[PDB]
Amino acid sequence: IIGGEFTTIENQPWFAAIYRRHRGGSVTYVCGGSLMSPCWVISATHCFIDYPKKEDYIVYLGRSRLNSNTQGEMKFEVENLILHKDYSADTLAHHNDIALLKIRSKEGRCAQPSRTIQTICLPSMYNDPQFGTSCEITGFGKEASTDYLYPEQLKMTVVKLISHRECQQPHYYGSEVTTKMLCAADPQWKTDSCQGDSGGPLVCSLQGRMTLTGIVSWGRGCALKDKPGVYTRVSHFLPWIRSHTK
């Protein structure tokens, strides 16, 4: 997150941190995710695509810092890794950029609710907030596009949903942005999501609930003028989610 505030997981209790193990001893951060129900976390397919070996990823819930522990955190193994069939990336966009991870702890249980672990709500079929709505994004991604490390403390920030008409303007992303995507930016192009925030949530209030409206997917640079962040439009993938989360 470029700009934003530093926060704690009690402020985003559905945020999931996904890491990968390496033979050698290190564990490196990969992407964020969100908890939809006790056993499923949703993230982005582009985060796993190059290394789809589920046994090598670890998922932690209730985590406020990146490499140090938070009290109350839960560690899980990835029981199932469902990537989207039809996922495609081009010179910028990622299409159908959503993935599901079924988690299991070493004792065989799924997540348990606490003051730091809560689920986030799914929108109703093709139901979205109107553009102009302010939504928040959270994550452990870069703070400046030139950094080569990720922050240790969790960050958050607020961005506004913009319309497709605005996003598809030639000098923004043209037709690279489709109907299964949403664009969100900061009026002053000051704060935004960046690498590492990928897979994480875009939360807006819909019909009174905090709903998972988007998943951080792609964008040109970070906090660049006329280059919004593009999110997978969750409301349009509900059938796909259902298919696997029944």
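The numbering used is simple: start at 1 and walk along the sequence shown.
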Check: Mean C-alpha B factor from the entry: is it higher for 50-58 or for 215-223?
Finding: 50-58
Check: Got a sec? Mean C-alpha B-factor, which is higher, 112-120 or 151-159?
Finding: 112-120
Check: Reading the B-factor column of the entry, which of 92, 100, 78, 167 has the highest value at its C-alpha atom?
Finding: 92
Checklist line | Residue with maximal Cα B-factor (values as given in the PDB entry) among 202, 42, 206, 182 | finding: 206
Check: Where does residue 64 sit by CA temperature factor within its chain: lowest, middle or highest third?
Finding: lowest
Next item on the list: Would you mind ranking residue 27 by its C-alpha B-factor against the rest of the chain and naming the third, lowest, middle or highest?
Entry: highest
Item checked: Modelled-residue ranking by C-alpha temperature factor, third containing residue 138 -> middle
Notebook entry, point to check: What third of its chain, lowest, middle or highest, does the C-alpha temperature factor of residue 195 fall into?
Noted result: lowest
